[PDB]
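Colleague: Pasting a structure here, questions to come.
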Amino acid sequence: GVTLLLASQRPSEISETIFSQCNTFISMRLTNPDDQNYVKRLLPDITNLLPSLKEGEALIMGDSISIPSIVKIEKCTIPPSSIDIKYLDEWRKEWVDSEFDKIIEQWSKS
Amino acid sequence: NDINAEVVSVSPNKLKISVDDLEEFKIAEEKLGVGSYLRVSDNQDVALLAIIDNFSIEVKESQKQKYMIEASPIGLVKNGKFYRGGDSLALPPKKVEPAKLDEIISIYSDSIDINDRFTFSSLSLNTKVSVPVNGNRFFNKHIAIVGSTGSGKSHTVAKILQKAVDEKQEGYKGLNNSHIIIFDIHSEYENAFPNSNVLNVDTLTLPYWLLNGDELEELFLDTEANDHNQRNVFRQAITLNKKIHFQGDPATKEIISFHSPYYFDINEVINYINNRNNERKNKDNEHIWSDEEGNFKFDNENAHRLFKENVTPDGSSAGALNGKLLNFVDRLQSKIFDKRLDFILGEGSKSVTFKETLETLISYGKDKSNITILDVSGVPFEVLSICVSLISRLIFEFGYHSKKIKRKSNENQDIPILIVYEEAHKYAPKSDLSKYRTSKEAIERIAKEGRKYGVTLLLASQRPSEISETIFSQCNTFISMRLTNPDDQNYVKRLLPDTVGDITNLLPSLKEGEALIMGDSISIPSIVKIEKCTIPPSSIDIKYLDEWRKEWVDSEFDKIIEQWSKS
Amino acid sequence: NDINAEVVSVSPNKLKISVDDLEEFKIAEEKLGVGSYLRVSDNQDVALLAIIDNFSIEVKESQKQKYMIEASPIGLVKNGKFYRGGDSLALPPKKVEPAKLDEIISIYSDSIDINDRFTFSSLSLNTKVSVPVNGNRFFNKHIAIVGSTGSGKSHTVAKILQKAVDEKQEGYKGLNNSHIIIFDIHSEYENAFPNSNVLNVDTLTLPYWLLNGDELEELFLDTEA
Amino acid sequence: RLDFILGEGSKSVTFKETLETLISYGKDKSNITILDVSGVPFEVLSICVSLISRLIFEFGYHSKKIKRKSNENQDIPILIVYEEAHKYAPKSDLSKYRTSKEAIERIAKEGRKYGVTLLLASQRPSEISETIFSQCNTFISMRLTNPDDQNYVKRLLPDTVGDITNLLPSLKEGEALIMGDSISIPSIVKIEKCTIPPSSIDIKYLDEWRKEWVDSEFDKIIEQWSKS
Ligand SMILES: Nc1ncnc2c1ncn2[C@@H]1O[C@H](COP(=O)(O)OP(=O)(O)O)[C@@H](O)[C@H]1O
Ligand SMILES: Nc1ncnc2c1ncn2[C@@H]1O[C@H](COP(=O)(O)OP(=O)(O)O)[C@@H](O)[C@H]1O
Ligand SMILES: [Mg+2]
Ligand SMILES: [Mg+2]
């Protein structure tokens, strides 16, 4: 009763012994052909749409699904706290006078 | 008319187009090249647009000229609005014209908002259209600028950073918020950025006590030896030496450990280890010494007395670490005594402060600048991996700790920091050798985790094929100036998402200064011309011909020898 | 006419040239080699300069000789000034002749300024074409001369250094400011530079105390035990 | 054999005339200093190469200290020529050549800004370490004949030529292939013929073997060996 969810990024660097034991496979957009070829090999030609996948789309394969298909994962109404930093919009403002006292206190703490 | 071309066959992502007449020859010269744009429709309101991948102009004896154009549909234009996507299908035949200036403008001006556009280049085939990128997505996802020597890589790097500095929100005057750090080995960005803070070996003081646990044992210990008694005596010396120099609250003093960023003096650390090469236990198994104040037993309270050299061992048997640390000590003072490491292990590191190192690294001191150029020309190459890893980790954990302050206040990470890695293959090679391991890991955490902490990369390397795959793939934005090595082109082709026909033969044949921008920052991967640097980079290289061409100098040689003796 | 060649196919970086008539055979041997330069134009003013990459000559009993030349457009010339270009289009058919001497010279001479030009070699397929290098940039960046034994790399090293020694600013008489140190191991560069300082074992005095700790260990210790 | 490094002369020589010897700034000036290291024993050859290569580098390192203090236009550029660079700077990390490896690799990495540049002339390029060979920018590739050296050079060349794989073993005598910053395009060149060629005094084994059995020379070898 102890299974695992392997939320990795690129399949080409994960240990073979764990990633071969996984059977249900969800592949999002994968821009590295080395990553694509590992996902292609697991299938017994839908992998050619892996790099052109839109944001949020996925390819689910395994015995859990009937056919390996490109799916759109449901949007998170309560999303995880993963906020992208707007580099341009932050850089447009004034030079913000940030005091270094409070930051290096906790850096020294841990 | 001037051009009579139509689509003869379509594919899922390929249009084959036959040019039938070609009355006007300058249509073929600039509007029918590889990477140009074609309008594919039967009307003048709804159309597809297509990049040109390949062409072939066959001519023979009696039959007609066979001009065939291979194109890929990049998107859809409806009533002056461009919509990306190859899903829309053109049923052949469809009349093909070169795209007008307004359609090519609408390609790049529709996918990006009016406030998210970052323009630093124009299209190479059409100068009148500028090519903006999504500057949030340009800089949040890491940038890789590759190319051969003389292709204009540093000019492209400089021109991006000037446009990052000169761009401002309206209603204010003065320095903007952008923070860019450059690792300058060839010393080129002084001439590009005159109004910026530059730090060379003679000026920059990097404290050695800010090195973490991994960096300290790489610089001092032997990874190949892997001696745990040498490892344990190093940590217990530095941890104790950080305690005796702390002047603060006792509760913070207990949490001080070997990785904690606190000041310790390396000369006393050598003295502690050198003394512990000469321990002599008594019959009760306790080490006994004698300084000027009297005999004492080596325990936790009196271990600070070994930091001074004037201690004499007093015992019968050999101590616990007697003779096990002599190769440790001789290499330990070999790096301290070296004059090349005065900026890192010298007397100047005693008088600097953890604040003063951060205030100097991102130019937050008395003189403030957006661009901090780290002239690591004079830095010796064996500590180049150490120094780059120290600064990169000092910016990443500043970027981490900046966010965790703002998560308490429920705010975003205020200042985003960019680090430019000129000649990035030296810090982060494909080779798994231990001499560049610490710089590989430091760029790894910025590449894979720094996106969420405000710390990013600009991997500007002449040889991308000597950068590791696990950091090159994290650079979503890719700029290709001119790549001529076959292994270099086969490397980038293996790390690039799609973009068939825009790299296969285009990269060797590119002009100086024009590049290939791609990623989620741009709407489509296009060959653009990076705009000229009015204030260009200029490395002050030794012009060997003119110095050899002149008279044999005689006054200089005497000054070189005596200055060597003086220092 | 001497040679009647013509472009029959155009690719983004590839050119197919059909040689229809070859009255002068000597153009084929010298000017239509593997690495030779062809100019591709319908006029003498503006031309597309292309290097050859491959060729094939077919003869059959009834048909005419099929001399095909496969070329690549390395650049472009305008009134004698060469521009290195990418995908500059030449619409077929275009008359092809061997490139003039002034055109091939302008590929190598125009990229380097006349003060920074350093010549130690000429083009293999055209001995009249001097090939200069940016001697400003030739020396400060490191040079790697590689070949097999008996390929002539000792001669190439010697010729470069002789060209770097006899050259001067012309405003003085005497020795220039070249400083070249050769780790001559085969005892061969004595002849190439007769007016040089040669240091063998009997003349060199290398102090042992200028050795560092790493060098001093190998001079005295044994490392096997 | 170690008299040049461990004799009575090495003690009395001071630091200044050592650099007057290696750079030829002594009594007789010379643009080219030829270091005949053939009679140097092979056990100490990497030691003497690394000693000189270090000494030239810190001469250029301390060259720049005056030029930032005095801001004078004059400068002393130095080029170092390493004939058979694959044995001074091998790919192997063995202890015997890491002194000469570290001296050359310091020049290959830091010597650009100090006026101490290097020329690598090796008949077996594949043994030279990639961290030194890639620091070079201009490559004069002569006739390369071993397939291992052909594959090594083709990777680290900054550019390529059409059909380079058959070009390298088919180069004629004096034919070269220059790529890099100095040249505009990779071109097949003919190096100028040396009027005063580099000639090594070689023993013509077959020529002396066909002569008569010499008799007088054997005794003069033994008596000098006996007396010295
Ligand atoms: N946008 C441009 N337009 C025209 N010339 C350029 C441009 N960018 C660079 N160059 C030229 O290319 C040359 C090479 O500079 P650079 O690309 O910085 O070298 P590297 O690729 O080694 O960094 C420079 O001398 C510069 O004049
Ligand atoms: N540029 C050249 N032109 C004509 N002959 C040459 C040229 N370079 C070398 N040679 C001849 O080829 C021979 C090869 O010698 P060299 O190339 O100097 O030896 P190595 O390559 O083994 O150092 C020499 O005897 C020389 O006469
Ligand atoms: Mg550069
Ligand atoms: Mg030789």
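Colleague: Evaluate the range A:76-86: report whether one residue or more is of a type in the set (D, E, K, R) and more than 30 Å from B:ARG407 (Cβ to Cβ).
Modeller: no
Colleague: Counting just the residues of the range D:82-132 that are of a type in the set (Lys, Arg) and within 16 Å of ligand 4 (Cβ to nearest atom), which one comes out nearest to the chain's Cα centre (by Cα)?
Modeller: By that ranking, first place goes to D:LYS87.
Colleague: Okay, next question. Can you name the number of the only condition in (1) surrounded by fewer than 19 Cβ atoms within 10 Å (Cβ to Cβ); (2) within 26 Å of the chain's Cα centre (by Cα); (3) within 16 Å of ligand 4 (Cβ to nearest atom); (4) not aliphatic (A, V, I, L, M) that C:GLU190 fails?
Modeller: Of (1) surrounded by fewer than 19 Cβ atoms within 10 Å (Cβ to Cβ); (2) within 26 Å of the chain's Cα centre (by Cα); (3) within 16 Å of ligand 4 (Cβ to nearest atom); (4) not aliphatic (A, V, I, L, M), only one is false for C:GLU190: (2).
Colleague: Answer yes or no as to whether C:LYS173 is more than 16 Å from ligand 4 (Cβ to nearest atom), at the interface with chain D (Cβ under 7 Å from one of its Cβ atoms), out of contact with any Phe, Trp or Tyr (no Cβ under 8 Å at 6 or more places or on another chain) and of a type in the set (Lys, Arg).
Modeller: No; evaluated as a whole, the condition is false for this residue.
Colleague: Name the helices (runs of 4 or more DSSP H) wholly inside the range B:257-356 in which the number of residues that are buried (at least 17 other Cβ atoms within 10 Å of the Cβ) and not aromatic (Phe, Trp, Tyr) is 3 or more. I'd like the intermediate steps shown before the answer.
Modeller: Details: elements: B:266-275, B:326-336, B:342-345.
Once the helices (runs of 4 or more DSSP H) in the range B:257-356 are filtered for at least 3 residues that are buried (at least 17 other Cβ atoms within 10 Å of the Cβ) and not aromatic (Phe, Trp, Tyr), what remains is B:266-275, B:326-336.
Colleague: Does A:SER64 fit the bill of being farther than 27 Å from B:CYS475 by Cα and assigned to a loop (DSSP other than H, G, I, E, B)?
Modeller: Values: farther than 27 Å from B:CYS475 by Cα: yes; assigned to a loop (DSSP other than H, G, I, E, B): yes.
Here the answer is yes, as A:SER64 does meet what is asked.
Colleague: Kindly indicate whether D:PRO147 is more than 27 Å from D:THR99 (Cα to Cα) and within 16 Å of ligand 1 (Cβ to nearest atom).
Modeller: no
Colleague: Based on this model, can you work out whether B:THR156 counts as more than 30 Å from B:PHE258 (Cβ to Cβ), polar (S, T, N, Q), surrounded by 22 or more Cβ atoms within 10 Å (Cβ to Cβ) and within 16 Å of ligand 1 (Cβ to nearest atom)?
Modeller: Yes: the conditions hold for B:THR156.
Colleague: Okay, next question. Give the range D:187-228 a look and list any residue that's away from chain C (no Cβ under 13 Å) and either under 30 Å from C:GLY33 (Cβ atoms) or among the small types (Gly, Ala, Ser) (or both), or say none.
Modeller: Listed by number, the residues that qualify are D:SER216, D:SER226.
Colleague: With the checklist (1) within 14 Å of chain D (Cβ to nearest Cβ); (2) aliphatic (A, V, I, L, M); (3) closer than 26 Å to B:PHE138 by Cα in hand, flag the one item B:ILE373 doesn't pass.
Modeller: Of (1) within 14 Å of chain D (Cβ to nearest Cβ); (2) aliphatic (A, V, I, L, M); (3) closer than 26 Å to B:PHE138 by Cα, only one is false for B:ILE373: (1).
Colleague: Also, I was wondering about something else. Answer yes if at least one residue in the range C:40-50 is within 12 Å of another protein chain (Cβ to nearest Cβ), farther than 27 Å from C:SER130 by Cα and over 19 Å from the mean Cα position of the chain (by Cα), and no otherwise.
Modeller: Yes, there is a match, as at least one residue in the range C:40-50 is within 12 Å of another protein chain (Cβ to nearest Cβ), farther than 27 Å from C:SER130 by Cα and over 19 Å from the mean Cα position of the chain (by Cα).
Colleague: Suppose the filter is basic (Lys, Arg), under 18 Å from the mean Cα position of the chain (by Cα) and more than 23 Å from A:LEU53 (Cα to Cα); does B:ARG482 pass it?
Modeller: Judged against the criteria, B:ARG482 is not a match.
Colleague: Also: Taking the residues in the range B:7-30 that are within 14 Å of chain C (Cβ to nearest Cβ) and assigned to a loop (DSSP other than H, G, I, E, B) as candidates, determine which candidate is surrounded by the fewest Cβ atoms within 10 Å (Cβ to Cβ).
Modeller: B:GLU23
Colleague: Here's something else I'd like to know. Which fully enclosed helices (runs of 4 or more DSSP H) of the range B:382-469 have 3 or more residues being more than 11 Å from every other protein chain (Cβ to nearest Cβ)?
Modeller: Per the criteria, B:384-408, B:437-448.
Colleague: Now, a different point. For the range D:93-107, which positions are buried (at least 23 other Cβ atoms within 10 Å of the Cβ) and of a type in the set (A, V, I, L, M, F, W, C)?
Modeller: Across the range D:93-107, the qualifying residues are D:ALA103, D:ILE104, D:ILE107.
Colleague: For the range B:504-519, which residues satisfy the criterion of being under 23 Å from the mean Cα position of the chain (by Cα) and crowded, with 19+ Cβ neighbours inside 10 Å?
Modeller: Result: B:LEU507, B:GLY513, B:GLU514, B:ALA515, B:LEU516, B:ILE517, B:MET518, B:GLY519.
Colleague: Further question: If I filter the range B:51-61 down to residues being hydrophobic (A, V, I, L, M, F, W, C) and either farther than 19 Å from B:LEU22 by Cβ or in a strand (DSSP E or B) (or both), which single residue comes out as farthest from the other protein chains (Cβ to nearest Cβ)?
Modeller: Residues of the range B:51-61 that are hydrophobic (A, V, I, L, M, F, W, C), as a first pass: B:51-52, B:55, B:57, B:59.
Remaining after also requiring either farther than 19 Å from B:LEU22 by Cβ or in a strand (DSSP E or B) (or both): B:51-52, B:55, B:57.
Numbers: B:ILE51: 13, B:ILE52: 9, B:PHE55: 7, B:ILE57: 4 Å.
Among those residues, the one meeting the criterion is B:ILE51.
Colleague: Let me ask something else about it. Can you give me the number of residues within the range B:164-210 that are within 16 Å of ligand 1 (Cβ to nearest atom), of a type in the set (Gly, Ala, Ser) and on the phi < 0 side of the Ramachandran plot? Write out each step before concluding.
Modeller: To start, the set of residues in the range B:164-210 that are within 16 Å of ligand 1 (Cβ to nearest atom) comprises B:182-193.
Keeping just the survivors that are of a type in the set (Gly, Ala, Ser) gives B:187, B:192.
Adding the requirement that they be on the phi < 0 side of the Ramachandran plot leaves B:192.
Residues in the range B:164-210 being within 16 Å of ligand 1 (Cβ to nearest atom), of a type in the set (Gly, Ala, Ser) and on the phi < 0 side of the Ramachandran plot: 1 in total.
Colleague: Could we say that B:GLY213 is at positive phi and within 32 Å of the chain's Cα centre (by Cα) here?
Modeller: The answer is no for B:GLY213.
Colleague: Give me the pairs: first residue in the range B:509-538 and at negative phi, second residue more than 16 Å from ligand 3 (Cβ to nearest atom) and aromatic (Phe, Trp, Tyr), beta-carbon distance under 6 Å, and six or more apart or on different chains, which are they?
Modeller: Within 6 Å, the pairs are B:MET518/B:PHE478; B:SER521/B:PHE138; B:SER523/B:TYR108.
When we count neighbours, we look across all protein chains shown, and the Cβ atoms used for this are built from the backbone with ideal geometry, even at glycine. Every read-out reported here was derived from the displayed coordinates using simple, explicitly stated rules and does not represent laboratory data.
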